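**Student:** Per our numbering, the sequence shown starts with residue 273, numbered consecutively.
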Amino acid sequence: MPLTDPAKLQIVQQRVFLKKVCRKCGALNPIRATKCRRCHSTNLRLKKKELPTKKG
Ligand SMILES: [Zn+2]
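1) Excluding five sequence neighbours on each side, which residues of the same chain lie with their C-beta closer than 6 Å to the C-beta of residue 283?
2) I'd like to confirm something about residue 305: is its beta-carbon nearer than 7 Å to some heavy atom of ligand 1, or not?
3) Taking residue 317 and residue 292 to be in contact with their CB atoms under 8 Å, please state how far apart those CB atoms are, rounded to whole angstroms.
4) Please report the Cβ distance between residue 313 and residue 327, rounded to the nearest whole angstrom; I am assuming they are in contact, meaning their Cβ atoms lie under 8 Å.
5) Identify whether residue 317 lies in helix, strand or coil by the three-state DSSP scheme.
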């Protein structure tokens, strides 16, 4: 991301798991966060992990 840190304790350092975006605000929280840092409503959805080519 535009904020290019060296390596936080997040998925920035080569992870296939994306971040979670609040379905209320659209606030994307770290995979470490338990809930939204906007409304604290625990209403987050992790972005489409997607697939490589086939299922598995
Ligand atoms: Zn929210």
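C-beta: ideal position from N, C-alpha, C; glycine also.
**Tutor:** The relevant details are as follows:
1) The sequence position of residue 283 within the sequence shown is 11, counting from 1. 289, 303, listed in sequence order.
2) To locate residue 305, count along the sequence shown from 1; it is residue 33. No - ligand 1 has no heavy atom lying nearer than 7 Å to the Cβ of residue 305.
3) In the sequence shown, the residue the question calls residue 317 occupies position 45. In the sequence shown, the residue the question calls residue 292 occupies position 20. With 8 Å as the limit, residue 317 and residue 292 qualify as a contact, their Cβ atoms being about 6 Å apart.
4) Residue numbering aside, residue 313 sits at position 41 when the sequence shown is read from its first letter. Residue numbering aside, residue 327 sits at position 55 when the sequence shown is read from its first letter. No, residue 313 and residue 327 are not in contact; Cβ-Cβ is about 32 Å, not under 8 Å.
5) As a working note, residue 317 is residue 45 in the sequence shown. If DSSP states are grouped into helix, strand and coil, residue 317 belongs with the strands.
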